[PDB]
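Here is the structure we will look at, set down as structure tokens.
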Amino acid sequence: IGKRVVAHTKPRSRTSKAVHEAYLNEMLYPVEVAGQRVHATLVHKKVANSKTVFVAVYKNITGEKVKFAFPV
RNA sequence: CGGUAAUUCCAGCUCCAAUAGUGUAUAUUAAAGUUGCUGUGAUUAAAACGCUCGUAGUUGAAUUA
């Protein structure tokens, strides 16, 4: 995996979205991501996003609690 | 309302409202969602330019941990 920094809001390559997108693709070589869905739901008067990397055909490096699965 | 049987005219009695106040005339505001920001209407009641291009004006997709 690569090692790039995330600035404080530097170019679009140094943004959180690009870093996580790059980390997701570089950590998943050669299997391909072909779908992402986020299922927001209310829990204890709070909103809990649950990102799901779908169609797989990370927490330590990035911090996103993302579940990986396969298409139905 | 009154053209011959007037609940409205000119009168008489009766009683209604307000009251040391009570009508008139003009004008401002509300009524008036009959000037619309909140808030109007435009087939037929008033009201979409004959149609297209177009500068000023107004309005402009998602995205940056």
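In the structure tokens, the first chain shown is A, the next is B, and so on; residue numbers restart at 1 for each chain, and ligands run from 1 in the order shown.
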*Just the strand (DSSP E or B) stuff from chain A, please, per backbone DSSP, written as a list in words.*
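Taking chain A and keeping strand (DSSP E or B) gives residues 33, 36, 37, 38, 41, 42, 43, 46, 47, 48, 51, 52, 53, 56, 67 and 68 of chain A.
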Please dump the current selection as a short mmCIF file (atom, residue, chain, number, x, y, z; two decimals), in the first residue's frame; keep N, CA and C atoms.
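What ended up in again_29.cif:
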```cif
data_model
loop_
_atom_site.label_atom_id
_atom_site.label_comp_id
_atom_site.auth_asym_id
_atom_site.auth_seq_id
_atom_site.Cartn_x
_atom_site.Cartn_y
_atom_site.Cartn_z
N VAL A 33 -13.58 -3.59 -6.68
CA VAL A 33 -14.80 -3.06 -6.09
C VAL A 33 -15.72 -2.61 -7.21
N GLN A 36 -20.83 0.46 -3.89
CA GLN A 36 -20.73 0.99 -2.54
C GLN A 36 -22.10 1.50 -2.12
N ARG A 37 -22.56 1.08 -0.95
CA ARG A 37 -23.84 1.52 -0.43
C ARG A 37 -23.70 1.84 1.05
N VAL A 38 -24.32 2.93 1.48
CA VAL A 38 -24.28 3.37 2.86
C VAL A 38 -25.71 3.33 3.40
N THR A 41 -29.13 4.65 9.57
CA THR A 41 -30.19 4.15 10.42
C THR A 41 -30.09 4.81 11.78
N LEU A 42 -31.24 5.10 12.37
CA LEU A 42 -31.30 5.75 13.68
C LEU A 42 -31.08 4.73 14.78
N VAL A 43 -30.11 4.99 15.66
CA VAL A 43 -29.87 4.17 16.84
C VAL A 43 -29.64 5.08 18.03
N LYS A 46 -29.44 8.67 17.57
CA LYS A 46 -28.26 9.03 16.79
C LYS A 46 -28.32 8.35 15.44
N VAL A 47 -27.68 8.96 14.45
CA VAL A 47 -27.59 8.40 13.11
C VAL A 47 -26.28 7.62 13.00
N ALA A 48 -26.36 6.40 12.50
CA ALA A 48 -25.20 5.53 12.36
C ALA A 48 -25.07 5.11 10.90
N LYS A 51 -21.25 2.13 6.03
CA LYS A 51 -20.73 1.99 4.68
C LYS A 51 -20.49 0.52 4.35
N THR A 52 -20.88 0.11 3.15
CA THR A 52 -20.72 -1.26 2.70
C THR A 52 -20.09 -1.24 1.32
N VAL A 53 -18.87 -1.75 1.20
CA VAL A 53 -18.24 -1.92 -0.10
C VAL A 53 -18.84 -3.18 -0.72
N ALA A 56 -17.50 -6.98 -4.29
CA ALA A 56 -16.06 -7.14 -4.20
C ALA A 56 -15.61 -8.18 -5.21
N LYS A 67 -18.11 -2.75 5.82
CA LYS A 67 -18.34 -4.17 5.62
C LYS A 67 -18.19 -4.51 4.15
N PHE A 68 -17.51 -5.62 3.88
CA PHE A 68 -17.27 -6.09 2.52
C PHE A 68 -18.10 -7.33 2.26
#
```
Chain B near chain A within 12 Å: what's each residue's closest atom pair and its distance in Å to one decimal, counting only C-alpha atoms (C1' of nucleotides), ordered by chain then ascending residue number, as a tab-separated table?
```
residue	atom	partner	partner_atom	distance
B:63	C1'	A:17	CA	9.4
B:64	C1'	A:15	CA	6.2
B:65	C1'	A:16	CA	6.3
```
_Selected residue of minimal separation from residue 62 in chain A among A:20, A:5, A:25, A:31, counting only C-alpha atoms_ =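 Ranking A:20, A:5, A:25, A:31 by distance to residue 62 in chain A, first place goes to A:20.
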*What are the DSSP alpha helix (DSSP H) residues of chain A, as a PyMOL selection string?*
chain A and resi 16-27
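CA of residue 32 in chain A sits 18.8 Å away from CA of residue 65 in chain A.
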*Just give me the gap between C1' of residue 32 in chain B and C1' of residue 48 in chain B in Å, one decimal is fine.*
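Result for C1' of residue 32 in chain B versus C1' of residue 48 in chain B: 26.7 Å, one decimal.
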Near residue 57 in chain A, counting only C-alpha atoms (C1' of nucleotides), which residues have an atom at most 10 Å away, once you skip same-chain residues fewer than 4 positions from it, shown as a PDB file with N, CA and C atoms, in the first residue's frame?
```pdb
ATOM      1  N   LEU A  28      -6.944  -3.755  -2.061  1.00  0.00           N
ATOM      2  CA  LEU A  28      -7.800  -4.800  -2.599  1.00  0.00           C
ATOM      3  C   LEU A  28      -7.295  -5.369  -3.916  1.00  0.00           C
ATOM      4  N   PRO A  30      -5.807  -7.918  -6.426  1.00  0.00           N
ATOM      5  CA  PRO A  30      -6.406  -7.518  -7.700  1.00  0.00           C
ATOM      6  C   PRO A  30      -7.930  -7.606  -7.722  1.00  0.00           C
ATOM      7  N   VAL A  31      -8.596  -7.954  -6.618  1.00  0.00           N
ATOM      8  CA  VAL A  31     -10.051  -8.031  -6.647  1.00  0.00           C
ATOM      9  C   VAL A  31     -10.620  -6.620  -6.761  1.00  0.00           C
ATOM     10  N   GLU A  32     -11.715  -6.495  -7.501  1.00  0.00           N
ATOM     11  CA  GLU A  32     -12.253  -5.204  -7.894  1.00  0.00           C
ATOM     12  C   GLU A  32     -13.478  -4.859  -7.060  1.00  0.00           C
ATOM     13  N   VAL A  33     -13.577  -3.591  -6.676  1.00  0.00           N
ATOM     14  CA  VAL A  33     -14.802  -3.063  -6.087  1.00  0.00           C
ATOM     15  C   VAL A  33     -15.723  -2.607  -7.208  1.00  0.00           C
ATOM     16  N   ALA A  34     -16.986  -3.009  -7.137  1.00  0.00           N
ATOM     17  CA  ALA A  34     -17.954  -2.603  -8.145  1.00  0.00           C
ATOM     18  C   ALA A  34     -19.283  -2.241  -7.498  1.00  0.00           C
ATOM     19  N   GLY A  35     -19.229  -1.571  -6.351  1.00  0.00           N
ATOM     20  CA  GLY A  35     -20.437  -1.110  -5.697  1.00  0.00           C
ATOM     21  C   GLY A  35     -20.195  -0.643  -4.281  1.00  0.00           C
ATOM     22  N   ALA A  69     -18.729  -7.391   1.087  1.00  0.00           N
ATOM     23  CA  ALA A  69     -19.619  -8.500   0.777  1.00  0.00           C
ATOM     24  C   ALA A  69     -19.652  -8.703  -0.733  1.00  0.00           C
ATOM     25  N   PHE A  70     -20.601  -9.512  -1.184  1.00  0.00           N
ATOM     26  CA  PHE A  70     -20.785  -9.881  -2.576  1.00  0.00           C
ATOM     27  C   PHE A  70     -22.213  -9.573  -3.006  1.00  0.00           C
ATOM     28  N   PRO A  71     -22.444  -9.346  -4.299  1.00  0.00           N
ATOM     29  CA  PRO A  71     -23.801  -9.022  -4.754  1.00  0.00           C
ATOM     30  C   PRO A  71     -24.751 -10.189  -4.548  1.00  0.00           C
TER      31      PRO A  71
END
```
